[PDB]
file coords.cif (mmCIF, C-alpha atoms and all ligand atoms)
data_work
loop_
_atom_site.label_atom_id
_atom_site.label_comp_id
_atom_site.auth_asym_id
_atom_site.auth_seq_id
_atom_site.Cartn_x
_atom_site.Cartn_y
_atom_site.Cartn_z
CA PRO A 1 5.64 -1.47 -18.21
CA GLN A 2 6.54 1.73 -16.46
CA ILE A 3 3.58 2.70 -14.25
CA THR A 4 2.96 6.30 -13.04
CA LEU A 5 1.15 6.97 -9.91
CA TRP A 6 -1.36 9.54 -11.08
CA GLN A 7 -4.06 6.91 -11.06
CA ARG A 8 -4.32 3.84 -8.82
CA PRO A 9 -1.90 1.14 -10.25
CA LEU A 10 -4.40 -1.41 -11.22
CA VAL A 11 -3.73 -4.50 -13.05
CA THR A 12 -5.71 -7.43 -14.34
CA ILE A 13 -5.15 -10.78 -12.83
CA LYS A 14 -6.27 -14.24 -13.72
CA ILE A 15 -6.56 -16.51 -10.77
CA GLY A 16 -8.37 -19.82 -10.55
CA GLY A 17 -9.92 -19.42 -13.99
CA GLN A 18 -11.48 -16.00 -13.04
CA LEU A 19 -10.48 -12.57 -14.25
CA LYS A 20 -10.24 -9.82 -11.73
CA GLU A 21 -8.57 -6.55 -11.19
CA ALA A 22 -6.07 -5.80 -8.42
CA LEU A 23 -4.06 -3.08 -7.00
CA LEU A 24 -0.29 -3.13 -7.11
CA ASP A 25 0.70 -2.44 -3.53
CA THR A 26 4.22 -1.84 -2.13
CA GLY A 27 2.92 -1.13 1.35
CA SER A 28 1.49 -4.73 1.72
CA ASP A 29 3.64 -7.64 2.58
CA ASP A 30 1.00 -10.06 1.35
CA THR A 31 -1.50 -10.65 -1.41
CA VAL A 32 -5.06 -10.35 -0.28
CA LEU A 33 -8.14 -11.07 -2.29
CA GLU A 34 -11.77 -10.34 -1.84
CA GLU A 35 -13.80 -13.48 -1.13
CA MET A 36 -13.71 -16.04 -4.03
CA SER A 37 -13.98 -19.52 -5.34
CA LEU A 38 -10.64 -21.17 -4.63
CA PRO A 39 -9.70 -24.77 -4.27
CA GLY A 40 -7.56 -26.92 -2.14
CA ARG A 41 -6.72 -26.53 1.41
CA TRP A 42 -6.41 -23.48 3.56
CA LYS A 43 -5.18 -22.25 6.94
CA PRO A 44 -7.00 -19.56 8.99
CA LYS A 45 -4.96 -16.36 9.60
CA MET A 46 -5.21 -12.74 10.79
CA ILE A 47 -3.52 -9.71 9.24
CA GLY A 48 -3.47 -6.18 10.19
CA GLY A 49 -3.95 -3.01 8.32
CA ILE A 50 -5.15 0.46 8.78
CA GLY A 51 -8.33 0.21 10.53
CA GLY A 52 -7.49 -2.98 12.38
CA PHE A 53 -7.47 -6.67 11.90
CA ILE A 54 -9.38 -8.96 9.58
CA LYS A 55 -9.60 -12.73 9.59
CA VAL A 56 -8.42 -14.47 6.39
CA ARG A 57 -7.86 -17.90 4.90
CA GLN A 58 -4.39 -18.63 3.81
CA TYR A 59 -3.88 -20.68 0.53
CA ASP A 60 -0.41 -21.71 -0.53
CA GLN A 61 1.00 -22.44 -3.90
CA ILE A 62 -1.64 -20.63 -5.88
CA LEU A 63 -0.91 -19.77 -9.46
CA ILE A 64 -1.64 -16.24 -10.45
CA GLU A 65 -1.20 -14.51 -13.69
CA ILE A 66 -0.44 -10.84 -13.38
CA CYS A 67 -0.44 -8.72 -16.41
CA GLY A 68 0.29 -12.02 -18.43
CA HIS A 69 3.06 -13.02 -15.98
CA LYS A 70 2.87 -16.19 -13.98
CA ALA A 71 3.75 -16.32 -10.36
CA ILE A 72 3.16 -19.01 -7.71
CA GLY A 73 2.62 -18.03 -4.07
CA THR A 74 0.55 -17.59 -0.97
CA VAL A 75 -2.71 -15.74 -1.34
CA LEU A 76 -4.93 -14.63 1.52
CA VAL A 77 -8.57 -14.54 0.92
CA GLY A 78 -10.86 -12.54 3.08
CA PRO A 79 -12.74 -9.34 3.56
CA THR A 80 -10.43 -6.82 1.95
CA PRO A 81 -12.25 -3.92 0.31
CA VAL A 82 -9.94 -4.15 -2.83
CA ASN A 83 -7.79 -7.03 -4.30
CA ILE A 84 -4.17 -6.19 -3.35
CA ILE A 85 -1.03 -7.67 -4.95
CA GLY A 86 1.66 -7.30 -2.36
CA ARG A 87 5.38 -7.79 -1.96
CA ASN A 88 5.28 -11.55 -1.95
CA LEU A 89 4.22 -11.58 -5.66
CA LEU A 90 5.66 -8.23 -6.68
CA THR A 91 9.16 -9.62 -6.23
CA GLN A 92 8.22 -12.58 -8.46
CA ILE A 93 7.38 -10.41 -11.43
CA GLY A 94 10.56 -8.32 -10.78
CA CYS A 95 8.61 -5.29 -9.86
CA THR A 96 10.64 -2.18 -8.73
CA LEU A 97 10.06 1.23 -7.24
CA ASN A 98 12.05 4.01 -9.02
CA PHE A 99 12.25 7.71 -8.26
CA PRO B 1 17.35 5.17 -6.51
CA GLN B 2 15.88 2.05 -7.82
CA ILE B 3 14.06 0.27 -4.98
CA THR B 4 13.62 -3.47 -4.93
CA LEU B 5 10.88 -5.04 -3.01
CA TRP B 6 12.67 -7.90 -1.07
CA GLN B 7 12.37 -5.72 2.02
CA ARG B 8 9.80 -3.04 2.96
CA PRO B 9 10.51 0.20 0.93
CA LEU B 10 11.37 2.47 3.83
CA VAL B 11 12.74 5.83 3.47
CA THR B 12 13.78 8.66 5.75
CA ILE B 13 11.61 11.71 5.89
CA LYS B 14 11.93 15.15 7.50
CA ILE B 15 8.76 16.79 8.59
CA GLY B 16 8.00 19.45 11.30
CA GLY B 17 11.74 19.73 12.20
CA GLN B 18 11.45 15.95 13.00
CA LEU B 19 13.29 12.98 11.41
CA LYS B 20 11.10 9.96 10.74
CA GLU B 21 10.90 6.85 8.66
CA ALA B 22 8.02 5.98 6.40
CA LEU B 23 6.82 3.43 3.88
CA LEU B 24 6.42 4.11 0.27
CA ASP B 25 2.99 2.92 -0.39
CA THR B 26 1.62 2.72 -3.83
CA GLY B 27 -1.69 1.42 -2.54
CA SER B 28 -2.40 4.46 -0.42
CA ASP B 29 -3.97 7.40 -2.09
CA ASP B 30 -3.01 9.62 0.87
CA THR B 31 -0.09 10.25 3.23
CA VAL B 32 -0.66 9.19 6.82
CA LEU B 33 1.57 9.69 9.68
CA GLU B 34 1.53 8.63 13.28
CA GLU B 35 0.44 11.19 15.79
CA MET B 36 2.75 14.28 15.88
CA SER B 37 3.64 17.84 16.73
CA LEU B 38 2.38 19.68 13.77
CA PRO B 39 1.84 23.35 13.71
CA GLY B 40 -1.29 24.88 12.36
CA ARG B 41 -4.87 24.44 11.50
CA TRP B 42 -6.42 21.12 10.81
CA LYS B 43 -9.68 19.52 9.70
CA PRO B 44 -11.04 16.18 10.79
CA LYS B 45 -11.39 13.45 8.16
CA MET B 46 -12.13 9.76 7.94
CA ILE B 47 -10.01 7.34 6.05
CA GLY B 48 -10.40 3.64 5.64
CA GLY B 49 -8.21 0.57 4.97
CA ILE B 50 -7.92 -3.22 5.54
CA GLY B 51 -9.32 -3.40 8.88
CA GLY B 52 -11.71 -0.60 8.94
CA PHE B 53 -11.72 3.03 9.30
CA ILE B 54 -9.93 5.63 11.22
CA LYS B 55 -10.40 9.18 12.45
CA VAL B 56 -7.58 11.55 11.28
CA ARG B 57 -6.68 15.28 11.25
CA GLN B 58 -6.03 16.76 7.92
CA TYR B 59 -3.15 19.22 7.47
CA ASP B 60 -2.70 20.94 4.11
CA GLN B 61 0.38 22.57 2.57
CA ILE B 62 2.92 20.68 4.68
CA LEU B 63 6.51 20.71 3.42
CA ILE B 64 8.15 17.19 3.55
CA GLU B 65 11.63 16.22 2.61
CA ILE B 66 11.42 12.74 1.30
CA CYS B 67 14.63 10.97 0.96
CA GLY B 68 16.25 14.39 0.17
CA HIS B 69 13.40 15.50 -2.14
CA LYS B 70 11.16 18.31 -1.08
CA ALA B 71 7.41 18.12 -1.61
CA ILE B 72 4.48 20.20 -0.32
CA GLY B 73 1.02 18.65 0.33
CA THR B 74 -1.79 17.23 2.33
CA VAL B 75 -0.71 15.23 5.27
CA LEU B 76 -3.02 13.21 7.47
CA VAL B 77 -2.11 12.64 11.10
CA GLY B 78 -3.58 9.86 13.01
CA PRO B 79 -3.62 6.40 14.48
CA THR B 80 -1.71 4.53 11.75
CA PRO B 81 0.55 1.66 12.80
CA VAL B 82 3.28 2.87 10.43
CA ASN B 83 4.07 6.17 8.72
CA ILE B 84 2.91 5.97 5.08
CA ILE B 85 3.70 8.05 1.96
CA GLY B 86 1.07 7.57 -0.55
CA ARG B 87 0.31 8.55 -3.97
CA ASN B 88 -0.23 12.32 -3.49
CA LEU B 89 3.47 12.87 -2.60
CA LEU B 90 4.74 9.92 -4.64
CA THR B 91 3.81 11.63 -7.86
CA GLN B 92 5.52 14.82 -6.61
CA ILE B 93 8.86 13.06 -6.25
CA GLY B 94 8.50 11.27 -9.70
CA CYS B 95 8.20 7.88 -8.28
CA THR B 96 7.26 5.02 -10.62
CA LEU B 97 6.38 1.39 -10.51
CA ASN B 98 8.43 -0.81 -12.83
CA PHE B 99 8.16 -4.40 -14.05
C1 LIG C 1 -1.52 -4.80 4.46
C2 LIG C 1 -2.12 -3.41 4.53
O1 LIG C 1 -3.20 -3.26 5.07
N1 LIG C 1 -1.37 -2.41 3.99
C3 LIG C 1 -1.76 -0.98 4.00
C4 LIG C 1 -0.59 -0.14 4.50
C5 LIG C 1 -0.16 -0.31 5.95
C6 LIG C 1 -1.35 -0.67 6.82
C7 LIG C 1 -0.91 -0.75 8.26
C8 LIG C 1 0.19 -1.79 8.44
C9 LIG C 1 1.41 -1.43 7.59
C10 LIG C 1 0.96 -1.36 6.13
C11 LIG C 1 -2.15 -0.44 2.61
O2 LIG C 1 -1.02 -0.53 1.77
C12 LIG C 1 -3.43 -1.06 2.03
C13 LIG C 1 -4.27 -0.13 1.15
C14 LIG C 1 -4.97 0.90 2.06
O3 LIG C 1 -5.32 0.61 3.19
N2 LIG C 1 -5.10 2.11 1.48
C15 LIG C 1 -5.80 3.23 2.11
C16 LIG C 1 -5.12 3.97 3.33
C17 LIG C 1 -4.41 5.35 3.32
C18 LIG C 1 -5.10 6.50 2.59
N3 LIG C 1 -6.13 7.07 3.25
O4 LIG C 1 -4.81 6.76 1.43
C19 LIG C 1 -6.60 3.92 0.99
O5 LIG C 1 -6.14 4.15 -0.13
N4 LIG C 1 -7.78 4.39 1.48
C20 LIG C 1 -8.75 5.14 0.70
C21 LIG C 1 -9.86 4.21 0.13
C22 LIG C 1 -9.52 3.38 -1.13
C23 LIG C 1 -10.44 2.16 -1.35
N5 LIG C 1 -11.20 2.24 -2.60
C24 LIG C 1 -12.52 2.55 -2.70
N6 LIG C 1 -12.90 3.81 -2.84
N7 LIG C 1 -13.47 1.62 -2.68
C25 LIG C 1 -9.33 6.12 1.75
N8 LIG C 1 -9.78 7.28 1.24
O6 LIG C 1 -9.35 5.84 2.94
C26 LIG C 1 -5.29 -1.01 0.36
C27 LIG C 1 -6.18 -1.97 1.18
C28 LIG C 1 -6.15 -0.23 -0.63
#

call {"tool": "encode", "arguments": {"input": "coords.cif", "output": "structure tokens"}}
result
Amino acid sequence: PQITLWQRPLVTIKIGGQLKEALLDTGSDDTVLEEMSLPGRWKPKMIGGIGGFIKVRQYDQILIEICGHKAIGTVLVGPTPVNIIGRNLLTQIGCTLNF
Amino acid sequence: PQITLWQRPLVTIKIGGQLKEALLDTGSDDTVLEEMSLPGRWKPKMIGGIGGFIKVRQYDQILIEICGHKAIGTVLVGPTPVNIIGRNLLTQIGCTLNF
């Protein structure tokens, strides 16, 4: 789908059996989700953004379905204010920026 | 151009007689630039992101040349780590998301 930027580019994701919504973000290297029920192991990590740094849990090899498209990758779970799909998964679904 | 997401989508901008580089950010509603020499009147504002919030000065009606394209709009100047072009100018240059 061709997405215009007049509204926030929100998409529905299915992750770990749960449906959620997330923002398609080109300015984020990573995928960061609001706290949730995930399984398996995890590593602690820190990322930085606009108002500073947050502490997250890094989970590898997580399957995520984005707009009906499967992708497998690292997902960071922590105190983000909004679920963000970043560059690590955006490349997987062949997502491009066109002007 | 058609921009792939394997690397950060960076572009060259021209603002205030100054050459800079900025990120195209679909997850930012606004445009936020590092601290600079900007002529005029401003208003304080608060914006927030991943790690928290920040204090910024809001400049309106600023001309920006974005990768050759001219746009006029609200520009926020403050303590960002990286220069960001968000959705308010992105729509002005016809930029879309595509998968
Ligand atoms: C990984 C990350 O951190 N990468 C940043 C971009 C940048 C941060 C610094 C390091 C380089 C990369 C963003 O790509 C993330 C994006 C974000 O930080 N976006 C802001 C900032 C700019 C702006 N001011 O537009 C945003 O849109 N802020 C709105 C609030 C929207 C939240 N929604 C609710 N109302 N609940 C605001 N008015 O402050 C997400 C979390 C939404």

call {"tool": "closest_atom_pairs", "arguments": {"input": "coords.cif", "of": "chain A", "to": "ligand LIG 1 (chain C)", "cutoff": "7 Å", "atoms": "only C-alpha atoms and all ligand atoms", "output": "Markdown table"}}
result
| residue | atom | partner | partner_atom | distance |
| --- | --- | --- | --- | --- |
| A:25 | CA | C:LIG1 | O2 | 5.9 |
| A:26 | CA | C:LIG1 | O2 | 6.7 |
| A:27 | CA | C:LIG1 | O2 | 4.0 |
| A:28 | CA | C:LIG1 | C1 | 4.1 |
| A:29 | CA | C:LIG1 | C1 | 6.2 |
| A:30 | CA | C:LIG1 | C1 | 6.6 |
| A:48 | CA | C:LIG1 | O1 | 5.9 |
| A:49 | CA | C:LIG1 | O1 | 3.3 |
| A:50 | CA | C:LIG1 | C6 | 4.4 |
| A:80 | CA | C:LIG1 | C27 | 6.5 |
| A:81 | CA | C:LIG1 | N7 | 6.4 |
| A:82 | CA | C:LIG1 | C28 | 5.9 |
| A:84 | CA | C:LIG1 | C26 | 6.5 |

call {"tool": "closest_atom_pairs", "arguments": {"input": "coords.cif", "of": "chain B", "to": "chain A", "cutoff": "8 Å", "atoms": "all atoms listed in the file", "output": "JSON lines"}}
result
{"residue": "B:1", "atom": "CA", "partner": "A:99", "partner_atom": "CA", "distance": 6.0}
{"residue": "B:2", "atom": "CA", "partner": "A:98", "partner_atom": "CA", "distance": 4.5}
{"residue": "B:3", "atom": "CA", "partner": "A:97", "partner_atom": "CA", "distance": 4.7}
{"residue": "B:4", "atom": "CA", "partner": "A:96", "partner_atom": "CA", "distance": 5.0}
{"residue": "B:5", "atom": "CA", "partner": "A:91", "partner_atom": "CA", "distance": 5.9}
{"residue": "B:6", "atom": "CA", "partner": "A:91", "partner_atom": "CA", "distance": 6.5}
{"residue": "B:8", "atom": "CA", "partner": "A:27", "partner_atom": "CA", "distance": 7.3}
{"residue": "B:9", "atom": "CA", "partner": "A:26", "partner_atom": "CA", "distance": 7.3}
{"residue": "B:23", "atom": "CA", "partner": "A:27", "partner_atom": "CA", "distance": 6.5}
{"residue": "B:24", "atom": "CA", "partner": "A:27", "partner_atom": "CA", "distance": 6.4}
{"residue": "B:25", "atom": "CA", "partner": "A:27", "partner_atom": "CA", "distance": 4.4}
{"residue": "B:26", "atom": "CA", "partner": "A:25", "partner_atom": "CA", "distance": 5.2}
{"residue": "B:27", "atom": "CA", "partner": "A:25", "partner_atom": "CA", "distance": 4.6}
{"residue": "B:28", "atom": "CA", "partner": "A:27", "partner_atom": "CA", "distance": 7.9}
{"residue": "B:29", "atom": "CA", "partner": "A:8", "partner_atom": "CA", "distance": 7.6}
{"residue": "B:48", "atom": "CA", "partner": "A:51", "partner_atom": "CA", "distance": 6.3}
{"residue": "B:49", "atom": "CA", "partner": "A:50", "partner_atom": "CA", "distance": 4.9}
{"residue": "B:50", "atom": "CA", "partner": "A:49", "partner_atom": "CA", "distance": 4.9}
{"residue": "B:51", "atom": "CA", "partner": "A:52", "partner_atom": "CA", "distance": 4.0}
{"residue": "B:52", "atom": "CA", "partner": "A:51", "partner_atom": "CA", "distance": 3.8}
{"residue": "B:53", "atom": "CA", "partner": "A:51", "partner_atom": "CA", "distance": 4.6}
{"residue": "B:54", "atom": "CA", "partner": "A:51", "partner_atom": "CA", "distance": 5.7}
{"residue": "B:80", "atom": "CA", "partner": "A:50", "partner_atom": "CA", "distance": 6.1}
{"residue": "B:81", "atom": "CA", "partner": "A:50", "partner_atom": "CA", "distance": 7.1}
{"residue": "B:87", "atom": "CA", "partner": "A:5", "partner_atom": "CA", "distance": 6.2}
{"residue": "B:90", "atom": "CA", "partner": "A:5", "partner_atom": "CA", "distance": 7.0}
{"residue": "B:91", "atom": "CA", "partner": "A:5", "partner_atom": "CA", "distance": 5.7}
{"residue": "B:93", "atom": "CA", "partner": "A:99", "partner_atom": "CA", "distance": 6.6}
{"residue": "B:94", "atom": "CA", "partner": "A:99", "partner_atom": "CA", "distance": 5.4}
{"residue": "B:95", "atom": "CA", "partner": "A:99", "partner_atom": "CA", "distance": 4.1}
{"residue": "B:96", "atom": "CA", "partner": "A:4", "partner_atom": "CA", "distance": 5.1}
{"residue": "B:97", "atom": "CA", "partner": "A:3", "partner_atom": "CA", "distance": 4.9}
{"residue": "B:98", "atom": "CA", "partner": "A:2", "partner_atom": "CA", "distance": 4.8}
{"residue": "B:99", "atom": "CA", "partner": "A:95", "partner_atom": "CA", "distance": 4.3}

call {"tool": "atom_distance", "arguments": {"input": "coords.cif", "atom1": "CA of residue 36 in chain A", "atom2": "CA of residue 46 in chain B"}}
result
28.5 Å

call {"tool": "axis_aligned_box", "arguments": {"input": "coords.cif", "around": "range 8-13 of chain A", "padding_each_side": "3 Å", "output": "AutoDock Vina command-line options"}}
result
--center_x -3.8 --center_y -3.5 --center_z -11.6 --size_x 9.8 --size_y 20.6 --size_z 11.5

call {"tool": "atom_distance", "arguments": {"input": "coords.cif", "atom1": "CA of residue 61 in chain A", "atom2": "CA of residue 44 in chain A"}}
result
15.4 Å

call {"tool": "atom_distance", "arguments": {"input": "coords.cif", "atom1": "CA of residue 78 in chain B", "atom2": "CA of residue 57 in chain B"}}
result
6.5 Å

call {"tool": "closest_residue", "arguments": {"input": "coords.cif", "among": "B:56, B:63, B:69, B:20", "to": "residue 39 in chain B", "atoms": "all atoms listed in the file"}}
result
B:63

call {"tool": "closest_residue", "arguments": {"input": "coords.cif", "among": "A:68, A:34, A:76, A:45", "to": "residue 22 in chain A", "atoms": "all atoms listed in the file"}}
result
A:34
